[PDB]
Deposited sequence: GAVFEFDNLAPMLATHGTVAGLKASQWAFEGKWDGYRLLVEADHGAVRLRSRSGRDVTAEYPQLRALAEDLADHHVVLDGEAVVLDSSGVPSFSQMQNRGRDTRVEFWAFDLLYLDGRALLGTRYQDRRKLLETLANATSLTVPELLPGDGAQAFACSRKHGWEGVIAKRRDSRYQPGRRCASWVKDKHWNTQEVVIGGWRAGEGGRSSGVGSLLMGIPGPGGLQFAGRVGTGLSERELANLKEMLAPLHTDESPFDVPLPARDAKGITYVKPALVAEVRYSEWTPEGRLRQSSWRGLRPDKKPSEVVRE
C-alpha cells in the first residue's frame, strides 16, 4: 500500500434507471476537485486526480486530519465549494478565494488503521466509512434510497447534477475507468442535424449515419411561438426534394412535415436516449452555424 501510487477509480458514462438497489449503491454526482486524502494520526497529505501533491493548496483540510487523529486513513472524495442553494459548484470552486469554505465530501475508504481495502467489496468499505462518519466529523454524504429511477429523482430533488451508481460487490481499481461505476446526469447535451420542421410547433432532429440521417425525435421545448416563426423564416432557403432520413419517418412525425437540406447543426439539451435512438425531453439550445453535419456523432 503506497499512497503515492494511488490514482482515483473512474466511472463509466451510462444510465442508472433500471439498476437495482440490491446490486447498486446510489451516490450523488457533484462538481469539484477529486481528491485522495491521507490522514495519518493527525498529519495530512493530499493528491489530485492526476497524482500531484496538493497538500499546501488546502491548509483547511488539516482540521479534518486532526479530527481523525485516532486513525490512519486513506479517503477518496470530492473537494467542493457550495453555491447559495447548498449544491457543489464548479464555478464557485474556480473562483475560490483565500477565505472561501471548501468542504471535503468523502465517498470511499481505501485504508483503515493498518488494513488495506482495495480488495474489499464496496458494501464493506462503505460500512466502515459510515462508522468513521458517525464517530468523527468526517462528512460522508448519504446514499440515495430506492432503485435506479427513485435514486435519480432524489438526486434531482437535492438540486444535484446526477447519480454515480457503484456495484455493492465491487473492488476499488485505482486509475481505472470501470463498468462497476456508472455516472448519469439528469441533463445532457447532443448535437443534431435539422432534417425538417412540423406544424410551426417543432423541428426534426437526426444523426448522420449509413444512408442518411437517423431520426432522433422532435424539439420545440426551450422556445415560444414567436421564435418558432423565426426558424420557419430562416430555414425556408433550404427546402429539399429528397428526405434526409435513411428510412421513412414514423407516421405521427410525418404528418405536416417540410424537409430541409441536412445542412444545419443544432445543440440540444435532453435527458436520456430511448432504445430506438431518440432523445427524450429535448430542449433547444440554438443553431451551431460553424459545425459540420458530417462530424455530428452520438456523443
| query | finding |
| --- | --- |
| Stretches with no C-alpha atoms in the model, relative to the deposited sequence starting at 1 | 1 to 3, 203 to 210 |
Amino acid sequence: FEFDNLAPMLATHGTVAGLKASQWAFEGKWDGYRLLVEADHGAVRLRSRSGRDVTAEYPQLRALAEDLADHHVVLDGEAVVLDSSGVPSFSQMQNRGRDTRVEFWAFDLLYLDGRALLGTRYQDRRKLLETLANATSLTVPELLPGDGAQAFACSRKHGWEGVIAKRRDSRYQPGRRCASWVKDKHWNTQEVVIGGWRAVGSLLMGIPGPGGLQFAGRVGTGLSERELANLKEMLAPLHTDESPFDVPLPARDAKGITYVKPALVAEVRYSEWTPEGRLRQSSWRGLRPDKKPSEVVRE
From here on, numbers count along this sequence of modelled residues.
| property | result |
| --- | --- |
| 281 to 289 versus 11 to 19 - greater average Cα B-factor per the deposited record | 281 to 289 |
| Between the two ranges 223 to 231 and 150 to 158, the one averaging a larger CA B factor in the entry | 223 to 231 |
| Residue, from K29, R52, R34, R252, that the PDB entry assigns the highest Cα B-factor | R252 |
| Residue of maximum C-alpha B factor among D113, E130, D99, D184, per deposited coordinates | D99 |
| Chain-wide C-alpha B factor ranking for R47, given as lowest, middle or highest third | middle |
| Lowest, middle or highest third - CA B-factor, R177 | middle |
| Position of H41 among the chain's modelled residues by C-alpha B-factor, lowest, middle or highest third | lowest |
| B-factor third for the C-alpha atom of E242 within its chain | highest |
| Position of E267 among the chain's modelled residues by C-alpha B-factor, lowest, middle or highest third | middle |
